[PDB]
């Protein structure tokens, strides 16, 4: 009988009781942007628009996961640790002796279906679990656990442990925050995904900048993530969500997102935003996958990708969702190594960037440039390479 909407407001004029008085419900008041997620009856949407302090009324759109089980491969047919082909393709393993991600100030937030937080090849890296489903922020593990599989697979491509079992991530020492914004079927509301972005900025302690110095990502006094990774996509561009992507970007957080799997001519949202790295998928032959949405920023392995899967298991998945965490891994290695040497993180940088002084510039100039020379609509700048990116970072 009610509909979910996201109102952008003037905080000094807006009275939430007025929503309540028209038979509405306050779902979530954002700490970092001037907006509130509310449920209202249909009849009331008109009233909302007129109420004092309400500047925009946006409806709640849907995004979905961007990984599916592979047509080809299977599980980890081997009790030893396997290095999935993708981890090698992005030249991660040689980097680990310089850093594997385990620099204390670095956390990577993965906004997905949740995580199997007990998985033996993941657990020691899972630093915090949260769920924002239906706009209720929960840190009960039973609410944060993965009921799909996809988030556990994505998290394993970034950070599965480097040991003698399972698989291994691009950044196998990096601390992960699993932020569950998608349900058991892989579907999520934009309102929950924006709440998840907020949570990755706030971190475990619920405060963005606890010491007031204006540094959030790359402040060891705070517990903000440095990378937000979204292996998901929807078709709408909404102002409140972009407002949140901007808060994370201004916080110094690198945001990375799947381009989409529809062979479409451009990326889905939030990948399509300027402030987000859109990632396409290649296969084990260096061909762009036919399903990969075009004009990404970079590309990475996304076909026939073995990783962790719930109940202490392993599965082979495909999609731009699988490509995304390879790039999130590489970004974590860049920021870890950058901080380890300089005692701060590097700036995020722009889509455009070709300087060795920003994360995005480094990723671009060190990518393996495939297909047409330079940036192209299939590969973007090319396949990310961690070993070269770290060398560029420290140079």
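Positions refer to the first chain, counted from 1.
Inset, instruction - Higher average CA B factor in the deposited record is what I'm after, so tell me if that's 319 to 327 or 75 to 83. - result: Higher mean C-alpha B-factor: 75 to 83.
Legend entry - Higher-B stretch (mean Cα B-factor, as the entry records it), 208 to 216 or 232 to 240: Between 208 to 216 and 232 to 240, it is 208 to 216.
Inset, instruction - Have a look at 37, 63, 365, 66 and flag the one whose Cα has the highest B-factor in the entry. - result: Among 37, 63, 365, 66, the highest C-alpha B-factor in the entry belongs to 365.
Legend entry - Entry-reported Cα temperature factor of residue 267, expressed as the chain third it lands in: As the PDB entry reports it, the C-alpha B-factor of residue 267 lands in the middle third of its chain.
Legend entry - Position of residue 287 among the chain's modelled residues by C-alpha B-factor, lowest, middle or highest third: It belongs to the highest third of the chain when residues are ordered by C-alpha B-factor.
Inset, instruction - Check where residue 157 lands among this chain's C-alpha B-factors and tell me if it's the lowest, middle or highest third. - result: Its C-alpha B-factor belongs to the lowest third of this chain's values.
Inset, instruction - Report the third (lowest, middle or highest) to which the CA temperature factor of residue 27 belongs, ranking only the modelled residues of the same chain. - result: For residue 27, whose C-alpha B-factor we compare with every modelled residue in the chain, the answer is the middle third.
Inset, instruction - Ordered by C-alpha B-factor within the chain, which third holds residue 112? Give me lowest, middle or highest, please. - result: Bottom third by C-alpha B-factor.
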